Amino acid sequence: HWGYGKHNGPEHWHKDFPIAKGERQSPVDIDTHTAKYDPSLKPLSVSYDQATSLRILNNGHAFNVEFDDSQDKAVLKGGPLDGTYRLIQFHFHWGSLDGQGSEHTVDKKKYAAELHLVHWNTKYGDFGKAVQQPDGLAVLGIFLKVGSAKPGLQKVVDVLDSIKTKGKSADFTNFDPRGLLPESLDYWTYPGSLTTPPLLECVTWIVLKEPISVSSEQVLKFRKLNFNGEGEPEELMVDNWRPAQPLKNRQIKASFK
Ligand SMILES: CCc1ccc(S(N)(=O)=O)cc1
Ligand SMILES: CCc1ccc(S(N)(=O)=O)cc1
Ligand SMILES: [Zn+2]
């Protein structure tokens, strides 16, 4: 199956997932000079006060913090979005070194990592139906740079030892994802896709301009995770990012002047 190695990585994905060469693939480079302020964008609303985290899972590609999405507990609305999008999970992509790891780039700059908060459009009833729609998902993307520690990330960092290998999970209740946000909600937005197989073109991307800072020690612990299962030869979970894809017939809009 697919992965991030030389023999199963992004250059190979198109053979089983032909949409990999599609018209609205993600991630993309964000050319800041070409992006245009869009006065039609409504204020962005991140409403995570009632978020109910459940579990953290190493899925062999990254780790997911999963949420109870059986009700409108944690939602994203406004901005480019019509209606209500419910938080289902977050995860990260990161590098083997601080100079790489993000999926989106900004004027070709790579960040050390990128956080994806994944939401589905409630008008479609469930996540599975949402990923059959052109406006099924909204992903809030946040860049990570290495500097001062992010206090709201430490609980995640500290549980990673318990989910080292593929298929391991742990209880992860009472985690507040608000602690992962930067101060500013200024963003860029464009229509795109999932950045891993099946690469479905269902996503409205909302990428925050302001990165969060995490410490070297925090990201080093991400890099101790394993792609492999227990008892198998160790393959460090690093460089689990897809590079930028052709922009094609798209415009990136900015929320800020
Ligand atoms: C838990 C982190 C956090 C940080 C700031 C806020 S707020 N927007 O100031 O109420 C809430 C929660
Ligand atoms: C279907 C699972 C899934 C959910 C989110 C992503 S991503 N990396 O946020 O585009 C990829 C895959
Ligand atoms: Zn992702």
# chains A, B, ... in the order shown; residues from 1 in each chain; ligands from 1
>>> residues_near_ligand(ligand="ligand 1", cutoff="8 Å", atoms="only C-alpha atoms and all ligand atoms", output="NGL selection string")
:A and (49 or 152 or 176-180)
>>> select_by_dssp(residues="segment 119-247 of chain A", states="alpha helix (DSSP H)", output="PyMOL selection string")
chain A and resi 127-130+154-159+216-222
>>> residues_near_ligand(ligand="ligand 3", cutoff="9 Å", atoms="only C-alpha atoms and all ligand atoms", output="PyMOL selection string")
chain A and resi 62+90-93+103+114-118+139+141+194-196+241
>>> write_last_selection(atoms="N, CA and C atoms", output="compact mmCIF listing (two decimals), in the first residue's frame")
# COMPACT_ATOMS: atom_id res chain seq x y z
N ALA A 62 0.50 8.92 10.17
CA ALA A 62 0.62 10.03 11.11
C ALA A 62 -0.08 9.55 12.38
N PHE A 90 -7.73 15.85 14.31
CA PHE A 90 -6.57 16.56 13.82
C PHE A 90 -5.36 15.65 13.77
N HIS A 91 -4.39 16.03 12.95
CA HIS A 91 -3.14 15.33 12.80
C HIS A 91 -2.10 16.32 12.27
N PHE A 92 -0.86 15.87 12.17
CA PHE A 92 0.25 16.68 11.69
C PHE A 92 1.00 15.97 10.57
N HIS A 93 1.78 16.76 9.83
CA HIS A 93 2.79 16.27 8.90
C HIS A 93 4.08 16.95 9.33
N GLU A 103 3.30 20.77 4.27
CA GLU A 103 2.73 20.37 3.00
C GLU A 103 2.53 21.62 2.14
N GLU A 114 3.13 20.87 9.88
CA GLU A 114 1.84 21.47 9.57
C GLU A 114 0.75 20.67 10.27
N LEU A 115 -0.11 21.38 10.99
CA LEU A 115 -1.27 20.83 11.69
C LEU A 115 -2.50 20.96 10.80
N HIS A 116 -3.26 19.87 10.70
CA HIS A 116 -4.52 19.82 9.95
C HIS A 116 -5.66 19.48 10.88
N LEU A 117 -6.59 20.43 11.05
CA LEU A 117 -7.83 20.20 11.77
C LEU A 117 -8.91 19.94 10.73
N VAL A 118 -9.44 18.72 10.74
CA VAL A 118 -10.31 18.22 9.68
C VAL A 118 -11.77 18.31 10.09
N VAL A 139 -10.52 21.92 5.87
CA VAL A 139 -9.34 21.65 6.68
C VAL A 139 -8.67 22.96 7.03
N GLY A 141 -5.45 24.55 8.29
CA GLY A 141 -4.04 24.23 8.30
C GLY A 141 -3.26 25.30 9.04
N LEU A 194 -7.80 16.16 -0.30
CA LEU A 194 -7.01 15.46 0.70
C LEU A 194 -5.56 15.38 0.22
N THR A 195 -4.61 15.44 1.14
CA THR A 195 -3.20 15.38 0.73
C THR A 195 -2.61 13.98 0.84
N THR A 196 -3.43 13.01 1.25
CA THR A 196 -3.03 11.60 1.21
C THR A 196 -4.07 10.85 0.39
N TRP A 241 4.97 14.07 4.43
CA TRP A 241 4.35 15.19 3.72
C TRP A 241 4.37 14.98 2.22
>>> select_by_dssp(residues="segment 101-143 of chain A", states="strand (DSSP E or B)", output="list in words")
residues 105, 106, 109, 113, 114, 115, 116, 117, 118, 119, 120, 121, 137, 138, 139, 140, 141, 142 and 143 of chain A
>>> write_last_selection(atoms="C-alpha atoms", output="PDB file, in the first residue's frame")
ATOM      1  CA  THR A 105       4.561  26.278   1.364  1.00  0.00           C
ATOM      2  CA  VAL A 106       4.585  30.066   1.513  1.00  0.00           C
ATOM      3  CA  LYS A 109       9.214  28.337   2.213  1.00  0.00           C
ATOM      4  CA  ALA A 113       5.493  20.820  10.340  1.00  0.00           C
ATOM      5  CA  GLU A 114       1.839  21.465   9.568  1.00  0.00           C
ATOM      6  CA  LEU A 115      -1.265  20.829  11.692  1.00  0.00           C
ATOM      7  CA  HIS A 116      -4.519  19.822   9.954  1.00  0.00           C
ATOM      8  CA  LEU A 117      -7.828  20.203  11.773  1.00  0.00           C
ATOM      9  CA  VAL A 118     -10.311  18.224   9.678  1.00  0.00           C
ATOM     10  CA  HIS A 119     -14.009  19.127   9.523  1.00  0.00           C
ATOM     11  CA  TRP A 120     -16.990  17.789   7.565  1.00  0.00           C
ATOM     12  CA  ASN A 121     -20.016  19.644   6.228  1.00  0.00           C
ATOM     13  CA  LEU A 137     -14.689  19.028   3.964  1.00  0.00           C
ATOM     14  CA  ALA A 138     -12.890  22.025   5.413  1.00  0.00           C
ATOM     15  CA  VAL A 139      -9.343  21.646   6.683  1.00  0.00           C
ATOM     16  CA  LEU A 140      -7.791  24.330   8.865  1.00  0.00           C
ATOM     17  CA  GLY A 141      -4.037  24.231   8.303  1.00  0.00           C
ATOM     18  CA  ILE A 142      -1.542  25.760  10.737  1.00  0.00           C
ATOM     19  CA  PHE A 143       2.214  25.940  10.208  1.00  0.00           C
TER      20      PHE A 143
END
>>> closest_residue(among="A:30, A:146, A:219, A:200", to="ligand 2", atoms="only C-alpha atoms and all ligand atoms")
A:200
>>> atom_distance(atom1="atom CA of residue 245 of chain A", atom2="atom CA of residue 133 of chain A")
21.0 Å
>>> residues_around(residues="residue 71 of chain A", least_positions_apart="2", cutoff="12 Å", atoms="only C-alpha atoms", output="PyMOL selection string")
chain A and resi 50-52+67-69+73-75+84-88+120+122+125-126
>>> atom_distance(atom1="atom CA of residue 250 of chain A", atom2="atom CA of residue 89 of chain A")
26.8 Å
>>> atom_distance(atom1="atom CA of residue 107 of chain A", atom2="atom CA of residue 191 of chain A")
18.5 Å
>>> residues_around(residues="segment 159-167 of chain A", least_positions_apart="4", cutoff="12 Å", atoms="only C-alpha atoms", output="PyMOL selection string")
chain A and resi 55-65+153-155+171-173+175+218-237
>>> closest_residue(among="A:239, A:98, A:135, A:11", to="residue 216 of chain A", atoms="only C-alpha atoms")
A:98
>>> closest_residue(among="A:48, A:256, A:124, A:94", to="ligand 2", atoms="only C-alpha atoms and all ligand atoms")
A:94
